[PDB]
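Look below for two forms of one protein chain, each set out as structure tokens: first structure 1, then structure 2.
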Structure 1
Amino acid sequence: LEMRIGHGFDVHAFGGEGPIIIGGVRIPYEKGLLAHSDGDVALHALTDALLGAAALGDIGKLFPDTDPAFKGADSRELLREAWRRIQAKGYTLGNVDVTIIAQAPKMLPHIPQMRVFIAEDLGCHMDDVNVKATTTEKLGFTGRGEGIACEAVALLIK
């Protein structure tokens, strides 16, 4: 039983009309998120943590914004595809932990649904998916309501 750790981080700036997509869930908000994809900060960061633990780089090394086969995809498709490739290397899920960093909107009413999505997408028990949120007390780009950041850690078994 060999175990492997992975870390992920992601940021998107606010812009345009709401809602926003975080952890798969459509959340109502005054602004939306500027992004090439659906801008799901929490799922990008989670994917990068998963891929990192499998030493497969990051999303931008598997699915280039520029090209070729994976354009106009929502972050759940990318998560599920990354997870196929991680399973292809003979890994199974240990567990994942996600930390959303945003002044607003309010995340925790939506966390149960984020966990349902992630557990479906990775085909695991909800009990192995943890998601949490925090503000930076009106400090920083995130606290000035300029954008949202997220951190993810993942553990994989072989």
Structure 2
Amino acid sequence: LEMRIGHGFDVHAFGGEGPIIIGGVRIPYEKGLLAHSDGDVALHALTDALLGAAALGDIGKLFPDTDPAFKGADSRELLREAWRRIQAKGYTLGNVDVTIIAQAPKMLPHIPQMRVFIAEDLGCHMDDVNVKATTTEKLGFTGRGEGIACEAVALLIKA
């Protein structure tokens, strides 16, 4: 038994029109998220946290621009594939915690469904998955409504 820590961080800019996808959940909003991907900043930060704990340790690094298959690419696919590769190295899940940093939209109603998705994608109990949100009280690029940031931490177990 041995435990390993990981940390992830991601940002996307608002652009065009909604909805956005956060933690796998389609959330109504006036603006959309600019990206190659989903624009799922929650699942990107989480993915990086998991890869970092297993020392693998980018999504850039274990997917270099394939591009495409990949416009509106499903970030849940990225998450599950990253997870397969982490498990092949012998790791199992301790727990994850995710912090969405956004002035808006309101994340709280969608968090239980985010957790369902993440727990499915990682093959764990929901009690191993926490998600929260915070505003930056109108400060910074998140505060001015210019984009959304997310942080994530992960704990991994190896037999």
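Numbers follow structure 1, counted from its first residue as 1. Note that the rigid core is defined as the largest set of C-alphas that superpose within 1.5 Å between two forms. Residues that one form lacks are left out of the comparison.
Following superposition on the rigid core between structures 1 and 2, the residue from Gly90, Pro28, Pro109, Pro68 with a C-alpha displacement of 2 angstroms or more is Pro68, and no other. Superposed on the rigid core, the forms differ at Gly57: its CA is offset by 1.4 Å between structures 1 and 2. Regions where at least three consecutive shared residues each shift by 2 Å or more at the C-alpha between structures 1 and 2, after core superposition, reduce to one span, 65-73.
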